[PDB]
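**Student:** Please find coords_9.cif (mmCIF, C-alpha atoms (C1' of nucleotides) and all ligand atoms) on the next line:
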data_target
loop_
_atom_site.label_atom_id
_atom_site.label_comp_id
_atom_site.auth_asym_id
_atom_site.auth_seq_id
_atom_site.Cartn_x
_atom_site.Cartn_y
_atom_site.Cartn_z
CA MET A 1 0.00 0.00 0.00
CA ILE A 2 1.04 3.59 -0.75
CA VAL A 3 1.21 5.95 2.24
CA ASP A 4 2.12 9.63 2.58
CA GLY A 5 3.92 10.65 5.76
CA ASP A 6 5.43 13.71 7.45
CA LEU A 7 7.80 12.58 10.21
CA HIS A 8 8.99 15.89 11.68
CA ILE A 9 6.68 18.16 13.70
CA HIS A 10 6.91 19.97 17.04
CA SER A 11 4.27 19.82 19.75
CA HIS A 12 3.07 22.81 21.77
CA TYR A 13 5.79 22.08 24.34
CA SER A 14 8.42 23.45 21.94
CA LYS A 15 9.15 27.17 21.71
CA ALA A 16 7.80 29.61 19.12
CA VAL A 17 5.15 27.05 18.10
CA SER A 18 1.35 27.14 18.07
CA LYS A 19 -0.70 26.21 21.12
CA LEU A 20 -3.14 24.44 18.76
CA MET A 21 -0.44 21.82 18.03
CA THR A 22 -2.09 18.90 19.82
CA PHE A 23 -2.93 15.35 18.77
CA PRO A 24 -6.61 15.87 17.77
CA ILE A 25 -5.99 19.05 15.75
CA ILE A 26 -2.93 17.58 14.02
CA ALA A 27 -4.85 14.40 13.19
CA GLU A 28 -7.82 16.34 11.81
CA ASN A 29 -5.64 18.61 9.66
CA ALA A 30 -3.61 15.66 8.36
CA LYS A 31 -6.75 13.69 7.49
CA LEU A 32 -8.16 16.74 5.70
CA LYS A 33 -4.87 17.30 3.85
CA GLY A 34 -4.78 13.65 2.75
CA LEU A 35 -1.85 12.66 4.98
CA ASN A 36 -1.77 9.00 5.97
CA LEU A 37 1.14 8.96 8.44
CA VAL A 38 2.33 11.69 10.82
CA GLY A 39 5.32 11.56 13.13
CA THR A 40 4.69 12.24 16.81
CA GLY A 41 7.54 14.69 17.37
CA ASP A 42 9.00 15.69 20.75
CA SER A 43 8.70 12.06 21.89
CA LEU A 44 11.42 12.59 24.53
CA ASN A 45 9.09 14.83 26.54
CA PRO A 46 7.10 12.76 29.07
CA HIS A 47 4.01 15.01 29.00
CA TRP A 48 3.71 14.53 25.24
CA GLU A 49 4.04 10.78 25.84
CA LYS A 50 1.16 10.95 28.33
CA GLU A 51 -0.97 12.90 25.84
CA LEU A 52 -0.16 10.32 23.15
CA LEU A 53 -1.12 7.41 25.41
CA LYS A 54 -4.32 9.26 26.33
CA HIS A 55 -5.59 10.36 22.91
CA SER A 56 -4.38 7.48 20.71
CA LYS A 57 -4.90 3.73 20.31
CA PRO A 58 -1.90 1.43 19.80
CA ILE A 59 -1.33 -0.51 16.60
CA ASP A 60 1.65 -2.42 17.99
CA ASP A 61 4.39 -1.40 20.43
CA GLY A 62 5.69 1.58 18.43
CA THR A 63 2.88 2.58 16.06
CA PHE A 64 -0.21 4.41 17.29
CA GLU A 65 -3.40 5.68 15.68
CA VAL A 66 -5.77 8.60 16.26
CA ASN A 67 -8.68 9.71 14.04
CA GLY A 68 -7.54 7.25 11.38
CA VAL A 69 -4.05 8.79 11.30
CA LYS A 70 -1.03 6.66 12.18
CA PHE A 71 1.80 7.94 14.35
CA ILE A 72 5.44 6.89 14.79
CA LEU A 73 7.75 8.04 17.58
CA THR A 74 9.95 10.92 16.36
CA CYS A 75 11.82 13.80 18.00
CA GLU A 76 14.19 16.63 17.05
CA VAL A 77 16.96 17.39 19.55
CA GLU A 78 19.79 19.91 19.78
CA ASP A 79 23.53 19.28 20.03
CA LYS A 80 26.21 20.67 22.33
CA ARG A 81 27.49 22.38 19.16
CA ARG A 82 23.88 23.54 18.52
CA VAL A 83 22.99 21.10 15.73
CA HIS A 84 19.51 19.71 15.05
CA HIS A 85 19.23 15.91 15.02
CA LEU A 86 16.06 14.00 14.14
CA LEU A 87 15.45 10.61 15.76
CA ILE A 88 12.93 7.85 15.01
CA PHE A 89 12.26 5.29 17.75
CA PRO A 90 11.19 1.65 17.27
CA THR A 91 9.02 1.27 20.38
CA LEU A 92 8.13 3.24 23.50
CA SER A 93 10.64 1.21 25.53
CA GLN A 94 13.40 2.63 23.33
CA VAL A 95 11.98 6.11 23.96
CA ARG A 96 12.05 5.68 27.74
CA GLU A 97 15.52 4.12 27.68
CA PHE A 98 16.97 6.91 25.54
CA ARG A 99 15.27 9.48 27.78
CA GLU A 100 16.55 8.08 31.08
CA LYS A 101 19.97 7.57 29.47
CA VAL A 102 20.40 11.31 28.78
CA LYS A 103 18.71 12.85 31.83
CA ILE A 104 22.21 13.36 33.26
CA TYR A 105 23.24 15.21 30.08
CA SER A 106 20.32 17.66 29.88
CA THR A 107 18.30 20.02 32.07
CA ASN A 108 15.14 20.64 30.00
CA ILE A 109 14.47 17.11 28.72
CA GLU A 110 11.28 17.02 30.82
CA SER A 111 10.34 20.59 29.88
CA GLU A 112 10.82 21.26 26.16
CA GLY A 113 9.98 19.58 22.87
CA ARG A 114 13.28 20.05 21.04
CA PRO A 115 15.63 19.87 24.06
CA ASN A 116 19.34 20.59 24.58
CA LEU A 117 21.61 17.56 25.02
CA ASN A 118 25.18 18.33 26.12
CA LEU A 119 26.65 15.56 23.97
CA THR A 120 28.78 15.31 20.85
CA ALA A 121 27.03 14.38 17.62
CA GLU A 122 29.26 11.29 17.57
CA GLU A 123 28.08 10.36 21.08
CA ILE A 124 24.40 10.94 20.23
CA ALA A 125 24.66 8.86 17.05
CA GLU A 126 26.49 6.07 18.90
CA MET A 127 23.80 5.96 21.60
CA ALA A 128 21.16 5.91 18.85
CA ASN A 129 22.79 3.03 16.96
CA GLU A 130 23.21 1.14 20.24
CA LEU A 131 19.42 1.02 20.67
CA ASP A 132 18.70 0.75 16.91
CA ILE A 133 17.36 4.31 16.92
CA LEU A 134 17.20 6.02 13.53
CA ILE A 135 19.18 9.27 13.55
CA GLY A 136 19.75 11.92 10.91
CA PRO A 137 20.86 15.55 10.57
CA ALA A 138 17.57 17.44 10.37
CA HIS A 139 17.52 20.41 7.95
CA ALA A 140 21.29 20.13 7.80
CA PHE A 141 21.78 23.19 5.59
CA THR A 142 20.38 25.96 7.80
CA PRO A 143 23.05 28.58 8.66
CA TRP A 144 21.65 28.77 12.22
CA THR A 145 21.07 25.29 13.74
CA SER A 146 22.23 22.60 11.32
CA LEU A 147 25.16 20.28 10.66
CA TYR A 148 26.87 21.97 7.70
CA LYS A 149 26.71 25.36 9.42
CA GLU A 150 29.05 23.88 12.06
CA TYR A 151 30.86 21.00 10.32
CA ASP A 152 32.16 20.49 6.79
CA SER A 153 31.24 16.80 6.34
CA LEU A 154 29.24 14.02 7.95
CA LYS A 155 32.41 12.08 8.79
CA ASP A 156 33.78 15.05 10.72
CA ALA A 157 30.47 15.35 12.62
CA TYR A 158 29.84 11.68 13.49
CA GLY A 159 33.27 10.05 13.12
CA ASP A 160 33.03 6.31 13.78
CA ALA A 161 29.22 6.58 13.97
CA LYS A 162 26.60 5.74 11.35
CA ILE A 163 23.41 7.61 10.50
CA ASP A 164 20.23 6.30 8.89
CA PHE A 165 18.90 9.25 6.84
CA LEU A 166 19.33 12.97 6.17
CA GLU A 167 16.49 15.49 6.17
CA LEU A 168 16.75 17.81 3.17
CA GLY A 169 14.46 20.62 4.29
CA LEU A 170 12.56 23.42 2.60
CA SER A 171 15.37 25.30 0.82
CA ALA A 172 16.87 22.08 -0.68
CA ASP A 173 15.87 19.25 -3.00
CA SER A 174 17.30 15.87 -4.02
CA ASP A 175 19.59 17.10 -6.82
CA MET A 176 21.61 19.72 -4.93
CA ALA A 177 21.86 17.31 -2.00
CA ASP A 178 23.07 14.52 -4.31
CA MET A 179 25.73 16.93 -5.59
CA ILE A 180 27.74 15.64 -2.59
CA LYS A 181 29.21 12.20 -3.28
CA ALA A 182 28.90 10.80 0.26
CA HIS A 183 25.21 11.76 0.29
CA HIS A 184 24.72 9.16 -2.45
CA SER A 185 24.92 6.43 0.21
CA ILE A 186 22.19 7.94 2.43
CA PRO A 187 18.39 8.05 2.01
CA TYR A 188 16.69 11.44 2.00
CA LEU A 189 13.67 12.73 3.92
CA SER A 190 11.52 15.68 2.80
CA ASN A 191 9.97 16.80 6.09
CA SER A 192 8.48 20.04 7.38
CA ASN A 193 9.78 20.68 10.92
CA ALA A 194 6.42 22.43 11.09
CA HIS A 195 5.02 24.33 14.08
CA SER A 196 1.44 25.20 13.08
CA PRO A 197 -1.40 22.88 11.99
CA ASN A 198 -2.31 25.28 9.18
CA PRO A 199 -2.76 24.11 5.56
CA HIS A 200 0.49 25.64 4.28
CA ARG A 201 2.40 24.57 7.43
CA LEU A 202 1.50 21.01 8.43
CA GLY A 203 2.68 18.58 5.77
CA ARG A 204 4.35 21.09 3.45
CA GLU A 205 6.93 18.36 2.70
CA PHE A 206 6.22 14.64 3.03
CA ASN A 207 7.44 11.26 1.79
CA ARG A 208 5.42 8.67 -0.14
CA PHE A 209 6.32 5.08 0.78
CA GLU A 210 5.32 1.70 -0.61
CA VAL A 211 4.61 -0.63 2.32
CA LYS A 212 2.55 -3.71 3.17
CA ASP A 213 1.09 -2.46 6.46
CA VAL A 214 1.35 0.85 8.32
CA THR A 215 3.83 0.19 11.13
CA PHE A 216 7.28 1.34 12.22
CA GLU A 217 9.01 -1.76 10.85
CA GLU A 218 7.54 -1.22 7.38
CA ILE A 219 8.67 2.42 7.47
CA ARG A 220 12.18 1.30 8.44
CA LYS A 221 12.23 -1.23 5.59
CA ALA A 222 11.03 1.43 3.14
CA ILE A 223 13.74 3.82 4.34
CA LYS A 224 16.40 1.13 3.93
CA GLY A 225 14.73 0.03 0.68
CA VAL A 226 14.46 -3.67 1.50
CA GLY A 227 11.87 -6.42 1.17
CA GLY A 228 9.89 -4.62 -1.52
CA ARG A 229 9.34 -1.57 0.69
CA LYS A 230 10.89 1.65 -0.57
CA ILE A 231 10.63 5.44 -0.34
CA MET A 232 9.03 5.88 -3.76
CA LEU A 233 8.51 9.65 -3.66
CA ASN A 234 9.77 12.78 -1.88
CA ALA A 235 7.21 15.60 -2.05
CA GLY A 236 8.88 18.85 -1.06
CA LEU A 237 8.74 22.62 -1.18
CA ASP A 238 10.52 24.38 -4.02
CA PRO A 239 14.00 25.38 -2.76
CA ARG A 240 13.39 28.95 -3.94
CA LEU A 241 10.53 29.14 -1.40
CA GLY A 242 12.63 28.22 1.64
CA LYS A 243 13.69 30.69 4.31
CA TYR A 244 17.42 30.24 3.64
CA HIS A 245 17.81 29.37 -0.06
CA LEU A 246 19.91 32.36 -1.10
CA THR A 247 22.35 34.20 1.15
CA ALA A 248 20.69 37.25 2.68
CA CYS A 249 20.72 39.42 5.79
CA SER A 250 18.96 38.40 9.00
CA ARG A 251 17.48 41.88 9.59
CA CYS A 252 16.93 43.71 6.29
CA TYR A 253 16.65 40.42 4.34
CA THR A 254 18.65 41.86 1.43
CA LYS A 255 20.04 39.14 -0.83
CA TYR A 256 23.83 39.23 -1.23
CA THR A 257 25.97 37.00 -3.42
CA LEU A 258 28.60 34.78 -1.85
CA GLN A 259 31.31 36.97 -3.37
CA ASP A 260 29.73 40.13 -1.96
CA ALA A 261 29.20 38.28 1.33
CA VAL A 262 32.91 37.48 1.64
CA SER A 263 33.74 41.03 0.53
CA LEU A 264 31.54 42.61 3.22
CA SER A 265 32.78 40.00 5.76
CA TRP A 266 29.20 39.02 6.67
CA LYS A 267 28.45 42.62 7.72
CA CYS A 268 25.35 44.15 6.17
CA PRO A 269 26.27 47.55 4.66
CA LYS A 270 22.88 49.31 4.47
CA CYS A 271 21.46 47.69 7.62
CA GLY A 272 24.15 46.27 9.87
CA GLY A 273 22.53 42.84 10.02
CA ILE A 274 24.36 39.54 10.27
CA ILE A 275 23.99 38.11 6.76
CA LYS A 276 23.83 34.31 6.92
CA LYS A 277 25.01 31.96 4.19
CA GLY A 278 22.16 30.43 2.22
CA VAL A 279 21.90 26.71 1.58
CA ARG A 280 22.62 27.12 -2.15
CA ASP A 281 25.99 28.78 -1.58
CA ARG A 282 26.82 26.24 1.15
CA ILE A 283 26.10 23.33 -1.19
CA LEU A 284 28.16 25.02 -3.90
CA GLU A 285 31.00 25.31 -1.38
CA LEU A 286 30.70 21.58 -0.60
CA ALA A 287 30.56 20.59 -4.27
CA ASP A 288 31.85 17.05 -4.84
CA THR A 289 30.73 15.49 -8.14
CA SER A 290 28.23 16.41 -10.85
CA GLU A 291 26.90 12.84 -10.88
CA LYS A 292 23.96 11.46 -8.89
CA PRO A 293 22.77 7.89 -8.27
CA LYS A 294 19.96 6.18 -10.16
CA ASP A 295 18.16 4.63 -7.16
CA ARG A 296 17.34 8.14 -5.90
CA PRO A 297 13.54 8.60 -5.79
CA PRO A 298 12.06 11.61 -7.61
CA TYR A 299 11.57 14.92 -5.80
CA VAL A 300 8.49 16.85 -6.93
CA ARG A 301 8.87 20.58 -6.29
CA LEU A 302 5.45 21.62 -4.97
CA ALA A 303 4.08 24.85 -3.51
CA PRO A 304 1.52 25.18 -0.70
CA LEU A 305 -1.96 25.26 -2.22
CA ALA A 306 -3.00 27.77 0.45
CA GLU A 307 -0.39 30.27 -0.72
CA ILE A 308 -1.48 29.72 -4.33
CA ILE A 309 -5.09 30.49 -3.40
CA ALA A 310 -3.92 33.54 -1.43
CA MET A 311 -1.87 34.91 -4.34
CA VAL A 312 -4.72 34.27 -6.80
CA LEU A 313 -7.44 35.88 -4.67
CA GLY A 314 -5.20 38.86 -3.90
CA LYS A 315 -5.71 38.28 -0.17
CA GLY A 316 -3.65 37.18 2.81
CA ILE A 317 -2.62 33.64 3.62
CA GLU A 318 -4.79 33.42 6.76
CA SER A 319 -7.86 35.11 5.25
CA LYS A 320 -11.29 33.50 5.37
CA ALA A 321 -11.94 33.44 1.61
CA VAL A 322 -8.78 31.42 0.97
CA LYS A 323 -9.75 29.07 3.81
CA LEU A 324 -13.19 28.55 2.26
CA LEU A 325 -11.68 27.89 -1.17
CA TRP A 326 -9.12 25.47 0.30
CA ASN A 327 -11.86 23.60 2.17
CA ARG A 328 -14.03 23.37 -0.95
CA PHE A 329 -11.07 22.06 -2.97
CA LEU A 330 -10.17 19.46 -0.34
CA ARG A 331 -13.82 18.38 -0.18
CA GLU A 332 -14.21 18.07 -3.96
CA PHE A 333 -10.95 16.12 -4.39
CA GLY A 334 -8.43 14.19 -2.30
CA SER A 335 -5.30 15.95 -1.02
CA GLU A 336 -3.19 19.00 -1.83
CA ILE A 337 -0.70 17.08 -3.99
CA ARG A 338 -3.54 15.79 -6.19
CA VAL A 339 -4.75 19.28 -7.09
CA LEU A 340 -1.17 20.57 -7.35
CA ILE A 341 0.30 17.95 -9.72
CA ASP A 342 -1.96 15.00 -10.51
CA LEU A 343 -5.33 16.67 -11.12
CA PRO A 344 -5.86 17.99 -14.67
CA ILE A 345 -6.34 21.71 -15.21
CA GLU A 346 -9.82 21.27 -16.71
CA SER A 347 -11.04 19.53 -13.54
CA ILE A 348 -9.53 22.27 -11.37
CA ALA A 349 -11.30 24.90 -13.48
CA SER A 350 -14.62 23.40 -12.34
CA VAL A 351 -14.01 24.92 -8.88
CA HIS A 352 -12.09 28.08 -9.80
CA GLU A 353 -10.61 29.28 -13.08
CA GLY A 354 -7.82 31.54 -11.82
CA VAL A 355 -6.56 28.86 -9.44
CA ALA A 356 -6.45 26.34 -12.29
CA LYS A 357 -4.54 28.82 -14.46
CA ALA A 358 -2.05 29.46 -11.65
CA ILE A 359 -1.56 25.72 -11.16
CA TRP A 360 -0.98 25.35 -14.91
CA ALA A 361 1.60 28.14 -14.79
CA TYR A 362 3.29 26.42 -11.85
CA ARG A 363 3.41 23.06 -13.65
CA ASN A 364 4.84 24.73 -16.76
CA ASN A 365 7.17 26.80 -14.53
CA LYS A 366 5.95 30.12 -15.97
CA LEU A 367 5.14 31.31 -12.43
CA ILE A 368 7.43 34.10 -11.23
CA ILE A 369 9.30 33.08 -8.08
CA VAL A 370 11.41 35.49 -6.02
CA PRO A 371 13.70 33.46 -3.71
CA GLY A 372 13.94 33.88 0.04
CA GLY A 373 16.92 34.02 2.37
CA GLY A 374 17.99 34.99 5.85
CA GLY A 375 14.62 34.09 7.38
CA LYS A 376 12.20 35.27 4.69
CA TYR A 377 10.16 32.81 2.65
CA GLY A 378 10.23 32.93 -1.12
CA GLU A 379 7.32 34.67 -2.81
CA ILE A 380 5.28 33.74 -5.88
CA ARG A 381 3.64 36.06 -8.42
CA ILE A 382 1.71 35.25 -11.59
CA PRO A 383 2.23 37.24 -14.82
CA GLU A 384 -0.61 39.36 -16.16
CA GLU A 385 -0.91 37.61 -19.54
CA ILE A 386 -1.46 34.27 -17.79
CA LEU A 387 -4.33 35.67 -15.70
CA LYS A 388 -6.03 37.70 -18.44
CA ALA A 389 -5.98 34.82 -20.94
CA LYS A 390 -8.39 31.89 -21.09
CA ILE A 391 -7.48 28.19 -20.92
CA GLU A 392 -7.57 26.80 -24.47
CA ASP A 393 -5.17 29.41 -25.89
CA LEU A 394 -2.92 28.92 -22.85
CA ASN A 395 -1.02 25.76 -23.84
"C1'" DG B 1 -26.60 54.05 4.40
"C1'" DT B 2 -25.83 50.32 8.65
"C1'" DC B 3 -23.36 47.86 11.69
"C1'" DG B 4 -21.58 43.04 12.12
"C1'" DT B 5 -17.59 40.81 9.35
"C1'" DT B 6 -13.31 40.39 7.81
"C1'" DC B 7 -8.28 42.21 6.16
"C1'" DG B 8 -3.66 43.28 6.66
"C1'" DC B 9 -0.16 44.91 9.25
"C1'" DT B 10 2.42 45.76 13.95
"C1'" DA B 11 3.96 43.97 18.39
"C1'" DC B 12 5.12 40.44 21.47
"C1'" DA B 13 5.91 36.12 23.68
"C1'" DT B 14 8.41 31.44 26.40
"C1'" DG B 15 13.55 30.25 27.60
"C1'" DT B 16 17.90 28.32 26.56
"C1'" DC B 17 22.18 29.35 24.85
"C1'" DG B 18 25.52 30.59 21.38
"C1'" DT B 19 27.33 35.14 19.23
"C1'" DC B 20 28.57 39.90 19.32
"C1'" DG B 21 29.65 43.93 20.65
"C1'" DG B 22 30.84 46.84 24.83
"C1'" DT B 23 32.80 47.31 29.73
"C1'" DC B 24 35.56 46.29 33.92
"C1'" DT B 25 39.95 44.63 36.03
"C1'" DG B 26 44.32 43.77 37.35
"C1'" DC B 27 48.67 44.24 35.43
"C1'" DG C 1 47.25 51.03 28.02
"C1'" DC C 2 45.96 46.23 27.30
"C1'" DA C 3 45.00 40.96 27.69
"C1'" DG C 4 41.65 38.63 29.89
"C1'" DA C 5 37.50 38.30 32.71
"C1'" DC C 6 32.75 40.03 32.86
"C1'" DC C 7 28.12 41.67 31.08
"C1'" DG C 8 24.07 42.57 28.48
"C1'" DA C 9 21.45 42.37 24.41
"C1'" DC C 10 19.82 39.68 20.62
"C1'" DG C 11 17.75 36.30 17.94
"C1'" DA C 12 16.35 31.33 16.30
"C1'" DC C 13 13.09 27.85 17.23
"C1'" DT C 14 7.48 31.46 14.37
"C1'" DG C 15 2.73 31.97 15.46
"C1'" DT C 16 -0.79 35.06 16.68
"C1'" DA C 17 -3.82 38.49 19.97
"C1'" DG C 18 -5.15 42.75 18.43
"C1'" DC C 19 -6.36 46.91 16.36
"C1'" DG C 20 -7.86 50.47 13.29
"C1'" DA C 21 -9.97 50.16 8.78
"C1'" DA C 22 -12.03 48.55 4.51
"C1'" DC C 23 -15.80 45.49 3.51
"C1'" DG C 24 -20.42 43.64 2.40
"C1'" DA C 25 -25.19 41.43 2.83
"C1'" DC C 26 -29.48 44.00 4.74
MG MG D 1 12.37 21.26 -0.20
ZN ZN D 2 14.67 21.97 13.79
ZN ZN D 3 20.99 44.00 7.00
#
Taking this structure as input, can you express it in the form of structure tokens?
Ligand SMILES: [Mg+2]
Ligand SMILES: [Zn+2]
Ligand SMILES: [Zn+2]

**Tutor:**
Amino acid sequence: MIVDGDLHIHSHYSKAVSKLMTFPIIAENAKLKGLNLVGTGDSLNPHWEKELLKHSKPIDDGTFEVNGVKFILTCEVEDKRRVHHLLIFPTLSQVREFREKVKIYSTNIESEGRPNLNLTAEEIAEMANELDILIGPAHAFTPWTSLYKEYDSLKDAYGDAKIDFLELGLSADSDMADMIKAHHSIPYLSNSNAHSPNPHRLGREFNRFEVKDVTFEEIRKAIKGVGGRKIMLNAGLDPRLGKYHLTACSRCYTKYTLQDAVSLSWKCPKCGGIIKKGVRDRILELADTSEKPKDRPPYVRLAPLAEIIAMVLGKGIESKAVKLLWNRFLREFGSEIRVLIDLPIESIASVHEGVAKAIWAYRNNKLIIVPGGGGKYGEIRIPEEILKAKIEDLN
DNA sequence: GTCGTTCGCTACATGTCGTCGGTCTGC
DNA sequence: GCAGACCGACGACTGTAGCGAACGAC
């Protein structure tokens, strides 16, 4: 069976997140967005474990279910060098063992969602492999809290340790990640690290797996690509829409080239901000080979349907008209990805014409995209001739 | 016209811990 | 005067009350 899953979210116990980020709301929004599997997130926090045991029903010893949505134990943690690490746990016993094992190395493990572990990345990965915990550098291209903002390679970060995946993130896709030779030997994950259960937030990037049943073991086999199970698709946000694609300032958000960045010494001239190196320039710095493996699954660059509706209606992202249109679209059809890629333009025009034309322009890549960097998301704008024209004379 | 309804932009939070300037000290 | 110790502020890790102001069925 084919299942879509987003295995990287943060509960309300994390900081700068939404208080509506609870199990029922997440399950409802995922079921409405056509999302089969959702990672628990913040599984190291005991209060979140209590809420999970209260609101959900167990499938086995590591897979749970609520409102028809499956859940696997996941958690993002922080490093002593301030590096994000995503972990997937087989069962709840592994969760409790890993928790009690690091209580002496942390002070907010029973207080925060993404906590602070005073341990080397090598030590964390070794402890994870000891208990067969899946571990990977989450959004490892961010110039703030990632791996490549601190280290230059995975071997220098983990040493004698072994990882199980590598989360790409918003500002990256499979090609630029595969531009590094070592990355050829590691499966990718297109996750969200999302904080709000909003349409454009929850499940902005997910992974489509082929499995036999919906359990942790099948997900592990699909990640490792064994026994017929495999990660057959990586649905992700366009890198130009991420918050740190290009190199820009952290205050004025002015885009600067890598050459101009080195010239100004990371000092913003007309602002004074601390310009941070985008993921594109970082990947270009760590350029290995122009080749990429064949077994790499395809990465479909998609945009949030909510933002498309907002830019078509000329209204905000959180407005009520765009919410009504999004709800009507999700009622008439299946999920966001269906209307974005799979659904034909003529069927989309049955609900709204301008939205169908914008989706056509996005599929044919005639949609204007201004990249984002330094903390600002990329923006999308449709040309005038695409909006004023009909549909038959379009293609 | 009328007054509920909604839009879009500004401000602000919850805390841990680095980075980044500025300041004190003891020489 | 200056190296080193000390200090404060600043923001990610974004989401959202909230607040005038334009809006839209009667
Ligand atoms: Mg992406
Ligand atoms: Zn993170
Ligand atoms: Zn600046």

**Student:** Produce a table with one row for each residue of chain A that has an atom at most 9 Å from any atom of chain C, each row naming the nearest atom pair and its distance in Å at one decimal; use all atoms listed in the file; arrange rows by chain and rising residue number; format as CSV.

**Tutor:**
residue,atom,partner,partner_atom,distance
A:14,CA,C:13,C1',8.0
A:15,CA,C:13,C1',6.0
A:16,CA,C:14,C1',5.1
A:17,CA,C:15,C1',6.1
A:18,CA,C:15,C1',5.7
A:19,CA,C:15,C1',8.8
A:114,CA,C:13,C1',8.7
A:144,CA,C:12,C1',7.2
A:145,CA,C:12,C1',8.1
A:195,CA,C:14,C1',7.5
A:196,CA,C:15,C1',7.3

**Student:** Which is closer to chain B than all the others in A:117, A:140, A:176, A:261, using all atoms listed in the file?

**Tutor:**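 Of A:117, A:140, A:176, A:261, the one nearest chain B is A:117, counting all atoms listed in the file.
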
**Student:** Using only C-alpha atoms (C1' of nucleotides), which of A:83, A:177, A:237, A:194 sits nearest chain B?

**Tutor:** A:83

**Student:** When you get a sec, could you note down which chain A residues fall within 8 Å of chain B, using all atoms listed in the file, as a VMD selection string?

**Tutor:** chain A and resid 15 to 16 82 315 to 316 319 to 320

**Student:** Ligand ZN 2 (chain D): which residues are within 8 Å, counting only C-alpha atoms (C1' of nucleotides) and all ligand atoms? Reply as a list in words.

**Tutor:**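 The distance check yields residues 76, 77, 84, 85, 114, 138, 139, 145, 146 and 193 of chain A; 13 of chain C.
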
**Student:** Need to verify the contact set: residue 200 of chain A, 7 Å, all atoms listed in the file, exclusion of same-chain residues closer than 4 positions in sequence. Can you return it as a PyMOL selection string?

**Tutor:** chain A and resi 204+304-307

**Student:** Can I get the selection written as a PDB file, in the coordinates of the input, with C-alpha atoms?

**Tutor:**
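result03.pdb, freshly written:
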ATOM      1  CA  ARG A 204       4.350  21.090   3.450  1.00  0.00           C
ATOM      2  CA  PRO A 304       1.520  25.180  -0.700  1.00  0.00           C
ATOM      3  CA  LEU A 305      -1.960  25.260  -2.220  1.00  0.00           C
ATOM      4  CA  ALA A 306      -3.000  27.770   0.450  1.00  0.00           C
ATOM      5  CA  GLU A 307      -0.390  30.270  -0.720  1.00  0.00           C
TER       6      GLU A 307
END

**Student:** Kindly work out which residues sit at most 7 Å from ligand MG 1 (chain D), using only C-alpha atoms (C1' of nucleotides) and all ligand atoms, and give the list as a PDB file with C-alpha atoms, in the coordinates of the input.

**Tutor:**
ATOM      1  CA  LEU A 168      16.750  17.810   3.170  1.00  0.00           C
ATOM      2  CA  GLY A 169      14.460  20.620   4.290  1.00  0.00           C
ATOM      3  CA  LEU A 170      12.560  23.420   2.600  1.00  0.00           C
ATOM      4  CA  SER A 171      15.370  25.300   0.820  1.00  0.00           C
ATOM      5  CA  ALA A 172      16.870  22.080  -0.680  1.00  0.00           C
ATOM      6  CA  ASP A 173      15.870  19.250  -3.000  1.00  0.00           C
ATOM      7  CA  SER A 190      11.520  15.680   2.800  1.00  0.00           C
ATOM      8  CA  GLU A 205       6.930  18.360   2.700  1.00  0.00           C
ATOM      9  CA  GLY A 236       8.880  18.850  -1.060  1.00  0.00           C
ATOM     10  CA  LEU A 237       8.740  22.620  -1.180  1.00  0.00           C
ATOM     11  CA  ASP A 238      10.520  24.380  -4.020  1.00  0.00           C
ATOM     12  CA  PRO A 239      14.000  25.380  -2.760  1.00  0.00           C
TER      13      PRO A 239
END

**Student:** Select segment 27-52 of chain A in the preceding structure and write C-alpha atoms to a file as a tab-separated table (two decimals), in the first residue's frame.

**Tutor:**
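See out.tsv below for the written result:
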chain	number	residue	atom	x	y	z
A	27	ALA	CA	-4.85	14.40	13.19
A	28	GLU	CA	-7.82	16.34	11.81
A	29	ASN	CA	-5.64	18.61	9.66
A	30	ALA	CA	-3.61	15.66	8.36
A	31	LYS	CA	-6.75	13.69	7.49
A	32	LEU	CA	-8.16	16.74	5.70
A	33	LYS	CA	-4.87	17.30	3.85
A	34	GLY	CA	-4.78	13.65	2.75
A	35	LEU	CA	-1.85	12.66	4.98
A	36	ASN	CA	-1.77	9.00	5.97
A	37	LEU	CA	1.14	8.96	8.44
A	38	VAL	CA	2.33	11.69	10.82
A	39	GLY	CA	5.32	11.56	13.13
A	40	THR	CA	4.69	12.24	16.81
A	41	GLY	CA	7.54	14.69	17.37
A	42	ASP	CA	9.00	15.69	20.75
A	43	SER	CA	8.70	12.06	21.89
A	44	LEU	CA	11.42	12.59	24.53
A	45	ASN	CA	9.09	14.83	26.54
A	46	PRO	CA	7.10	12.76	29.07
A	47	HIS	CA	4.01	15.01	29.00
A	48	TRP	CA	3.71	14.53	25.24
A	49	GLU	CA	4.04	10.78	25.84
A	50	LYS	CA	1.16	10.95	28.33
A	51	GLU	CA	-0.97	12.90	25.84
A	52	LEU	CA	-0.16	10.32	23.15
